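The file final-v2.txt comes next; it holds compact mmCIF, C-alpha atoms and all ligand atoms.
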```txt
# COMPACT_ATOMS: atom_id res chain seq x y z
CA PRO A 1 11.06 -32.95 0.65
CA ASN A 2 7.85 -31.74 -1.01
CA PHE A 3 6.99 -28.09 -0.41
CA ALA A 4 5.33 -28.10 -3.82
CA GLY A 5 1.64 -27.24 -3.98
CA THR A 6 -0.88 -24.46 -3.28
CA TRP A 7 -1.12 -23.45 0.37
CA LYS A 8 -3.67 -21.59 2.51
CA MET A 9 -2.93 -20.22 5.97
CA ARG A 10 -4.25 -21.84 9.15
CA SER A 11 -3.08 -19.57 11.96
CA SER A 12 -0.63 -16.74 12.54
CA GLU A 13 1.05 -15.46 15.69
CA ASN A 14 2.85 -12.08 15.90
CA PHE A 15 2.59 -10.46 12.44
CA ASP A 16 1.58 -7.03 13.75
CA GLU A 17 4.27 -7.24 16.41
CA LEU A 18 6.70 -8.13 13.60
CA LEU A 19 5.67 -5.22 11.35
CA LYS A 20 5.64 -2.95 14.40
CA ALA A 21 9.23 -4.05 15.07
CA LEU A 22 10.20 -3.32 11.45
CA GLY A 23 9.06 0.28 11.79
CA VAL A 24 5.78 0.34 9.83
CA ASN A 25 3.28 2.85 11.22
CA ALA A 26 -0.20 1.97 12.59
CA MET A 27 -1.91 3.41 9.52
CA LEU A 28 -0.08 0.88 7.29
CA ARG A 29 0.03 -2.10 9.66
CA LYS A 30 -3.78 -2.09 9.73
CA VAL A 31 -3.71 -2.48 5.94
CA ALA A 32 -0.90 -5.01 5.89
CA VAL A 33 -2.26 -7.33 8.55
CA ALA A 34 -5.79 -7.21 7.15
CA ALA A 35 -4.62 -8.14 3.63
CA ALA A 36 -1.96 -10.42 5.05
CA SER A 37 -4.76 -12.45 6.64
CA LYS A 38 -5.83 -14.18 3.45
CA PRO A 39 -2.65 -14.94 1.51
CA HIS A 40 -2.62 -17.50 -1.26
CA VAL A 41 0.67 -19.31 -1.79
CA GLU A 42 1.85 -21.38 -4.74
CA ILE A 43 5.14 -23.22 -4.47
CA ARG A 44 6.97 -24.97 -7.33
CA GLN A 45 9.99 -27.07 -6.33
CA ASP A 46 12.59 -29.00 -8.36
CA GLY A 47 15.07 -30.48 -5.91
CA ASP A 48 16.78 -27.30 -4.76
CA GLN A 49 15.20 -24.91 -7.25
CA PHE A 50 12.22 -23.17 -5.68
CA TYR A 51 9.61 -20.73 -6.96
CA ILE A 52 7.53 -19.14 -4.22
CA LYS A 53 4.62 -16.89 -5.15
CA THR A 54 2.86 -15.25 -2.21
CA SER A 55 -0.21 -13.32 -3.26
CA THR A 56 -2.40 -10.97 -1.19
CA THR A 57 -4.64 -8.03 -2.07
CA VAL A 58 -2.20 -5.13 -1.51
CA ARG A 59 1.00 -6.99 -2.42
CA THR A 60 2.07 -10.05 -4.35
CA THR A 61 5.58 -11.45 -4.45
CA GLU A 62 7.40 -14.04 -6.48
CA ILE A 63 10.83 -15.38 -5.54
CA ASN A 64 12.93 -17.92 -7.40
CA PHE A 65 15.98 -19.30 -5.64
CA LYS A 66 18.26 -22.35 -5.49
CA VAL A 67 19.02 -23.44 -1.93
CA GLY A 68 22.59 -22.54 -1.14
CA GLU A 69 22.87 -19.84 -3.79
CA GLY A 70 22.12 -16.36 -2.47
CA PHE A 71 19.59 -14.08 -4.16
CA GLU A 72 18.05 -10.63 -4.03
CA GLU A 73 14.57 -10.33 -2.63
CA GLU A 74 12.67 -7.99 -0.29
CA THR A 75 12.33 -7.99 3.48
CA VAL A 76 8.63 -8.33 4.59
CA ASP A 77 8.20 -4.59 4.90
CA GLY A 78 9.38 -4.12 1.32
CA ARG A 79 13.08 -3.24 1.74
CA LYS A 80 15.82 -4.59 -0.53
CA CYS A 81 18.18 -7.31 0.64
CA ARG A 82 20.37 -10.19 -0.50
CA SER A 83 19.49 -13.43 1.24
CA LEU A 84 21.25 -16.81 1.54
CA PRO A 85 18.96 -19.90 1.86
CA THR A 86 20.47 -23.03 3.40
CA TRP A 87 19.07 -26.43 4.36
CA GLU A 88 19.08 -26.33 8.16
CA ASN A 89 17.57 -29.83 8.14
CA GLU A 90 16.19 -32.29 5.60
CA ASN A 91 12.91 -30.33 5.34
CA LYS A 92 13.73 -26.90 6.68
CA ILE A 93 15.30 -23.93 4.89
CA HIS A 94 16.91 -21.14 6.87
CA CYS A 95 17.32 -17.88 4.97
CA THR A 96 19.55 -15.11 6.29
CA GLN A 97 18.84 -11.62 5.01
CA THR A 98 21.00 -8.49 4.78
CA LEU A 99 19.72 -5.06 3.71
CA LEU A 100 21.50 -3.38 0.84
CA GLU A 101 20.16 -0.09 2.26
CA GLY A 102 22.30 0.59 5.33
CA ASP A 103 20.37 0.56 8.63
CA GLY A 104 17.85 -1.98 9.90
CA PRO A 105 17.11 -5.03 12.14
CA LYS A 106 18.63 -8.48 11.71
CA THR A 107 15.93 -10.15 9.61
CA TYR A 108 15.55 -13.80 8.55
CA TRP A 109 12.99 -16.38 7.46
CA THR A 110 12.66 -20.16 7.74
CA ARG A 111 10.20 -22.37 5.85
CA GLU A 112 9.80 -25.93 7.20
CA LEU A 113 7.54 -28.85 6.20
CA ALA A 114 6.22 -30.41 9.44
CA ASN A 115 3.83 -33.08 8.23
CA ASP A 116 1.68 -31.89 5.35
CA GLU A 117 1.99 -28.52 7.12
CA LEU A 118 4.21 -25.57 6.26
CA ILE A 119 5.50 -23.67 9.26
CA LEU A 120 6.73 -20.25 8.06
CA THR A 121 8.81 -18.10 10.42
CA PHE A 122 9.85 -14.47 10.18
CA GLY A 123 12.34 -12.99 12.56
CA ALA A 124 13.33 -9.39 13.16
CA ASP A 125 15.28 -8.97 16.39
CA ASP A 126 13.80 -11.16 19.16
CA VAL A 127 10.42 -10.93 17.46
CA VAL A 128 9.37 -14.19 15.89
CA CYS A 129 6.23 -14.41 13.81
CA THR A 130 4.93 -17.87 13.00
CA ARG A 131 2.41 -18.44 10.26
CA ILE A 132 1.25 -22.00 9.62
CA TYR A 133 0.09 -23.04 6.16
CA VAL A 134 -1.95 -26.05 5.03
CA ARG A 135 -2.41 -27.72 1.65
CA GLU A 136 -5.58 -26.33 0.06
CA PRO B 1 -21.51 19.74 -15.27
CA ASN B 2 -20.86 15.98 -15.25
CA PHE B 3 -18.04 14.84 -12.97
CA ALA B 4 -19.94 11.58 -12.54
CA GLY B 5 -18.19 8.38 -13.57
CA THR B 6 -15.17 6.18 -12.81
CA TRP B 7 -11.82 7.85 -13.44
CA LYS B 8 -8.24 6.64 -13.95
CA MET B 9 -5.19 8.89 -13.75
CA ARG B 10 -3.26 10.01 -16.83
CA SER B 11 -0.35 12.05 -15.47
CA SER B 12 0.73 13.71 -12.24
CA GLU B 13 3.14 16.55 -11.55
CA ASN B 14 4.52 17.35 -8.06
CA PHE B 15 2.98 14.82 -5.64
CA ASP B 16 6.24 14.02 -3.86
CA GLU B 17 7.08 17.71 -3.70
CA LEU B 18 3.59 18.23 -2.22
CA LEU B 19 3.94 15.49 0.42
CA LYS B 20 7.48 16.71 1.12
CA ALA B 21 6.00 20.18 1.72
CA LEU B 22 3.38 18.72 4.08
CA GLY B 23 6.08 17.22 6.28
CA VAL B 24 5.90 13.50 5.47
CA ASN B 25 9.28 11.76 5.76
CA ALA B 26 11.10 9.97 2.90
CA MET B 27 10.28 6.56 4.33
CA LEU B 28 6.53 7.29 4.00
CA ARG B 29 6.57 9.38 0.81
CA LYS B 30 8.06 6.40 -1.03
CA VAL B 31 5.01 4.38 0.06
CA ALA B 32 2.50 7.13 -0.60
CA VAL B 33 3.68 8.08 -4.07
CA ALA B 34 4.05 4.46 -5.16
CA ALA B 35 0.49 3.58 -4.07
CA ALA B 36 -0.74 7.00 -5.13
CA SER B 37 0.34 6.13 -8.67
CA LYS B 38 -2.58 3.85 -9.41
CA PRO B 39 -5.63 5.42 -7.79
CA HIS B 40 -9.13 4.43 -8.82
CA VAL B 41 -11.76 7.12 -8.49
CA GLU B 42 -15.54 6.83 -8.51
CA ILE B 43 -17.61 10.00 -8.49
CA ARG B 44 -21.39 10.19 -7.98
CA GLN B 45 -22.97 13.62 -8.57
CA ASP B 46 -26.52 14.94 -8.13
CA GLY B 47 -26.48 18.63 -9.00
CA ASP B 48 -24.49 19.94 -6.05
CA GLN B 49 -24.39 16.74 -4.01
CA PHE B 50 -21.14 14.91 -4.61
CA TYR B 51 -19.74 11.57 -3.46
CA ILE B 52 -16.04 11.14 -4.18
CA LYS B 53 -14.37 7.81 -3.44
CA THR B 54 -10.63 7.73 -4.04
CA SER B 55 -9.16 4.28 -3.60
CA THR B 56 -5.49 3.22 -3.53
CA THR B 57 -3.65 0.29 -1.93
CA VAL B 58 -2.52 1.91 1.36
CA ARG B 59 -5.45 4.33 1.74
CA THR B 60 -8.99 4.75 0.51
CA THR B 61 -11.17 7.78 1.11
CA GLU B 62 -14.81 8.63 0.65
CA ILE B 63 -16.15 12.17 0.89
CA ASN B 64 -19.73 13.33 0.54
CA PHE B 65 -20.36 17.06 0.27
CA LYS B 66 -22.82 19.61 -1.13
CA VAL B 67 -21.09 22.49 -2.92
CA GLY B 68 -21.34 25.57 -0.77
CA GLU B 69 -21.89 23.69 2.48
CA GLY B 70 -18.69 23.08 4.42
CA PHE B 71 -17.70 19.62 5.64
CA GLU B 72 -15.10 17.71 7.61
CA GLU B 73 -12.58 15.69 5.67
CA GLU B 74 -8.83 15.00 5.78
CA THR B 75 -5.92 16.89 4.26
CA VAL B 76 -3.89 14.66 1.80
CA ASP B 77 -1.41 13.68 4.47
CA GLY B 78 -4.23 12.47 6.71
CA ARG B 79 -4.82 15.45 9.04
CA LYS B 80 -8.29 16.62 10.11
CA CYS B 81 -9.83 19.75 8.64
CA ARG B 82 -13.11 21.47 7.80
CA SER B 83 -13.31 22.47 4.16
CA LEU B 84 -15.65 24.78 2.20
CA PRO B 85 -16.28 23.82 -1.48
CA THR B 86 -17.46 26.58 -3.82
CA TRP B 87 -18.14 26.76 -7.56
CA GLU B 88 -15.28 28.91 -8.84
CA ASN B 89 -16.69 28.47 -12.35
CA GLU B 90 -19.42 26.47 -14.06
CA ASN B 91 -17.29 23.30 -13.99
CA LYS B 92 -14.68 23.96 -11.33
CA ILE B 93 -14.93 23.53 -7.56
CA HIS B 94 -12.50 25.32 -5.27
CA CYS B 95 -12.23 23.86 -1.78
CA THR B 96 -10.55 25.76 1.03
CA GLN B 97 -9.27 23.70 3.93
CA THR B 98 -8.50 24.60 7.56
CA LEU B 99 -6.89 22.23 10.06
CA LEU B 100 -8.73 21.64 13.30
CA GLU B 101 -5.34 20.66 14.77
CA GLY B 102 -3.50 23.96 15.23
CA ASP B 103 -0.35 24.32 13.09
CA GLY B 104 0.11 23.60 9.39
CA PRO B 105 0.33 24.96 5.79
CA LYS B 106 -2.49 26.67 3.92
CA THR B 107 -3.96 23.70 2.05
CA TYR B 108 -6.64 23.60 -0.67
CA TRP B 109 -7.94 21.52 -3.56
CA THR B 110 -9.72 22.24 -6.85
CA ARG B 111 -11.43 19.69 -9.12
CA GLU B 112 -12.27 20.93 -12.64
CA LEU B 113 -13.80 19.21 -15.69
CA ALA B 114 -11.78 20.35 -18.74
CA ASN B 115 -13.28 18.35 -21.59
CA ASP B 116 -13.92 14.75 -20.64
CA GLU B 117 -10.84 15.27 -18.44
CA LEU B 118 -10.66 15.89 -14.70
CA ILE B 119 -7.87 18.20 -13.65
CA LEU B 120 -7.30 17.74 -9.89
CA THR B 121 -5.14 20.27 -8.02
CA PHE B 122 -3.67 20.16 -4.53
CA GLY B 123 -2.03 23.17 -3.02
CA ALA B 124 0.07 23.50 0.11
CA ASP B 125 1.95 26.80 0.22
CA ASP B 126 3.32 27.69 -3.24
CA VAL B 127 3.47 23.99 -4.06
CA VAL B 128 0.87 22.97 -6.61
CA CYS B 129 0.40 19.34 -7.54
CA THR B 130 -1.65 18.61 -10.64
CA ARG B 131 -3.04 15.18 -11.31
CA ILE B 132 -5.07 14.67 -14.49
CA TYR B 133 -7.77 12.02 -14.62
CA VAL B 134 -9.52 10.42 -17.60
CA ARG B 135 -12.78 8.48 -17.94
CA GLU B 136 -11.98 4.77 -17.77
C1 LIG A 201 4.50 -4.27 5.17
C2 LIG A 201 3.76 -3.33 4.22
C3 LIG A 201 2.78 -3.66 3.33
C4 LIG A 201 2.17 -5.00 3.22
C5 LIG A 201 2.73 -6.20 3.43
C6 LIG A 201 2.09 -7.49 3.30
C7 LIG A 201 0.62 -7.58 2.88
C8 LIG A 201 2.81 -8.59 3.59
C9 LIG A 201 2.31 -9.94 3.49
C10 LIG A 201 3.11 -10.95 3.83
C11 LIG A 201 2.70 -12.34 3.74
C12 LIG A 201 1.30 -12.66 3.21
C13 LIG A 201 3.58 -13.30 4.11
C14 LIG A 201 3.38 -14.76 4.09
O1 LIG A 201 2.36 -15.24 4.63
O2 LIG A 201 4.24 -15.49 3.54
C15 LIG A 201 2.07 -2.60 2.43
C16 LIG A 201 1.91 -3.14 1.00
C17 LIG A 201 0.67 -2.27 3.02
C18 LIG A 201 2.93 -1.32 2.36
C19 LIG A 201 3.53 -0.88 3.66
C20 LIG A 201 4.38 -1.93 4.28
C1 LIG A 202 0.36 10.84 2.85
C2 LIG A 202 0.46 9.50 3.59
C3 LIG A 202 -0.01 8.29 3.17
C4 LIG A 202 -0.61 8.04 1.85
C5 LIG A 202 -1.34 8.87 1.09
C6 LIG A 202 -1.92 8.57 -0.20
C7 LIG A 202 -1.72 7.18 -0.83
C8 LIG A 202 -2.59 9.55 -0.84
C9 LIG A 202 -3.24 9.38 -2.13
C10 LIG A 202 -3.85 10.43 -2.67
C11 LIG A 202 -4.54 10.36 -3.94
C12 LIG A 202 -4.59 9.02 -4.68
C13 LIG A 202 -5.14 11.48 -4.43
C14 LIG A 202 -5.89 11.63 -5.68
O1 LIG A 202 -5.38 11.23 -6.75
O2 LIG A 202 -7.03 12.15 -5.65
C15 LIG A 202 0.18 6.98 4.01
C16 LIG A 202 -1.11 6.16 4.01
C17 LIG A 202 1.33 6.14 3.38
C18 LIG A 202 0.53 7.34 5.47
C19 LIG A 202 1.51 8.46 5.64
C20 LIG A 202 1.06 9.72 4.99
```

Take the structure in this file and express it as structure tokens.
Ligand SMILES: CC1=C(/C=C/C(C)=C/C=C/C(C)=C/C(=O)O)C(C)(C)CCC1
Ligand SMILES: CC1=C(/C=C/C(C)=C/C=C/C(C)=C/C(=O)O)C(C)(C)CCC1
Amino acid sequence: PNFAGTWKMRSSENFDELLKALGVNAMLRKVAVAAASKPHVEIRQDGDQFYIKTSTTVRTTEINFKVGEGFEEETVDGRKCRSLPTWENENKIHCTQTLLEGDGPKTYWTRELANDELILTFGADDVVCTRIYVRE
Amino acid sequence: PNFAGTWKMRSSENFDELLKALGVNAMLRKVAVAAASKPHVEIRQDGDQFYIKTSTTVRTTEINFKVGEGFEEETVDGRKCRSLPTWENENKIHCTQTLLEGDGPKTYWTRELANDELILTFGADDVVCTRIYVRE
């Protein structure tokens, strides 16, 4: 499908609850959430090759992956993991993540194109955080 | 002297050892140090009236004090204390700190203008952390 373009967030449910579940302390979550309220996202996509740049004031990330071929990226709270993206559906990628650093919570992420909308999901044990993007 | 201006750090010895000595855990020290590696500092100074704003990604602080007159600020690891700044020399301020929250280590700080350089020192029982700033 076409996830390619520059996106701006529309709404977001459960980010603090997510970070709280990942172990971040209140001092940091207040920073995270605040900055994580105005993220800019640029996505480049060539079939199964994806480049996803998510920029915010206190942290910017760039991932490059080919759906189906695992890669090394960071869990939301900045840990290190190897994740395996897979097409769950025609326009939905499910990405399983495993920490290379021993202990932690079962984390995952799933980007899906609804209808000119980009429903991003972050899981971390029960906790599901949904952030909805919209073409700028 | 003239501590007034915007400063950028040049080097830093013993910050992790300092934080480690203050009780912060490894999970947090990794965050602190990393963010505490690119601090921006703005200093406004009118004779003995000082305004010191130290900004970093996960924490920004602003203190306003008159040398000689005690004030309430926070120890590096975010505790609450009342400190008493005193001119140790013509261009060096020594600031003694006491926690309002019972237990802790004898902390202090001393900013000194060397020669267009700003040698900042943080003590916490034996442990001395020196961070050297430079006019941007
Ligand atoms: C967790 C965390 C931090 C910030 C995380 C941010 C800002 C995440 C943003 C995620 C977005 C913006 C996701 C998306 O919408 O795709 C900082 C750097 C304070 C350090 C402490 C731990
Ligand atoms: C200790 C600590 C934290 C960070 C402290 C920082 C970032 C201090 C920076 C000091 C500087 C930048 C001093 C200077 O150079 O004057 C955070 C918020 C993770 C919470 C846990 C305890």

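Closest approach to ligand LIG 201 (chain A) among A:106, A:92, A:111, A:44 is made by A:111 (distances from all atoms listed in the file).
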
Name the residues in contact with residue 123 of chain B at a cut-off of 6 Å, using all atoms listed in the file, excluding same-chain residues fewer than 4 positions from it; report them as an mmCIF file with C-alpha atoms, in the coordinates of the input.
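Saved result, part_36.cif, follows:
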```
data_model
loop_
_atom_site.group_PDB
_atom_site.id
_atom_site.type_symbol
_atom_site.label_atom_id
_atom_site.label_comp_id
_atom_site.auth_asym_id
_atom_site.auth_seq_id
_atom_site.Cartn_x
_atom_site.Cartn_y
_atom_site.Cartn_z
ATOM 1 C CA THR B 107 -3.960 23.700 2.050
ATOM 2 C CA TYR B 108 -6.640 23.600 -0.670
ATOM 3 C CA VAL B 127 3.470 23.990 -4.060
ATOM 4 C CA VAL B 128 0.870 22.970 -6.610
#
```

> Excluding same-chain residues fewer than 2 positions from segment 98-101 of chain B, what lies within 9 Å of it counting all atoms listed in the file, as a list in words?
Replying inline: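 Residues meeting the cut-off are residues 74, 75, 79, 80, 81, 82, 83, 84, 96, 103, 104, 105, 106, 107 and 108 of chain B.
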
> Which chains and residue numbers are within 7 Å of ligand LIG 202 (chain A), counting only C-alpha atoms and all ligand atoms, if I want them as a ChimeraX atom specification?
Replying inline: /A:27-28 /B:19,24,28-29,31-33,35-37,39,54-56,58-59,76-78,131

Would you mind exporting C-alpha atoms of the selected residues as a PDB file, in the coordinates of the input?
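File produced: part.pdb:
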```
ATOM      1  CA  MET A  27      -1.910   3.410   9.520  1.00  0.00           C
ATOM      2  CA  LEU A  28      -0.080   0.880   7.290  1.00  0.00           C
TER       3      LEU A  28
ATOM      4  CA  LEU B  19       3.940  15.490   0.420  1.00  0.00           C
ATOM      5  CA  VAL B  24       5.900  13.500   5.470  1.00  0.00           C
ATOM      6  CA  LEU B  28       6.530   7.290   4.000  1.00  0.00           C
ATOM      7  CA  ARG B  29       6.570   9.380   0.810  1.00  0.00           C
ATOM      8  CA  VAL B  31       5.010   4.380   0.060  1.00  0.00           C
ATOM      9  CA  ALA B  32       2.500   7.130  -0.600  1.00  0.00           C
ATOM     10  CA  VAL B  33       3.680   8.080  -4.070  1.00  0.00           C
ATOM     11  CA  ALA B  35       0.490   3.580  -4.070  1.00  0.00           C
ATOM     12  CA  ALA B  36      -0.740   7.000  -5.130  1.00  0.00           C
ATOM     13  CA  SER B  37       0.340   6.130  -8.670  1.00  0.00           C
ATOM     14  CA  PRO B  39      -5.630   5.420  -7.790  1.00  0.00           C
ATOM     15  CA  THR B  54     -10.630   7.730  -4.040  1.00  0.00           C
ATOM     16  CA  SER B  55      -9.160   4.280  -3.600  1.00  0.00           C
ATOM     17  CA  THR B  56      -5.490   3.220  -3.530  1.00  0.00           C
ATOM     18  CA  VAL B  58      -2.520   1.910   1.360  1.00  0.00           C
ATOM     19  CA  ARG B  59      -5.450   4.330   1.740  1.00  0.00           C
ATOM     20  CA  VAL B  76      -3.890  14.660   1.800  1.00  0.00           C
ATOM     21  CA  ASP B  77      -1.410  13.680   4.470  1.00  0.00           C
ATOM     22  CA  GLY B  78      -4.230  12.470   6.710  1.00  0.00           C
ATOM     23  CA  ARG B 131      -3.040  15.180 -11.310  1.00  0.00           C
TER      24      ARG B 131
END
```

> Quick one: distance from atom CA of residue 121 of chain B to atom CA of residue 1 of chain B in Å, one decimal?
Replying inline: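 For atom CA of residue 121 of chain B relative to atom CA of residue 1 of chain B, the distance reads 17.9 Å.
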
>> Env of residue 14 of chain B: 7 Å cut, atoms = all atoms listed in the file, seq-sep filter 2 positions within chain, self excluded. Answer as a ChimeraX atom specification.
In response: /B:12,16-18,128-130
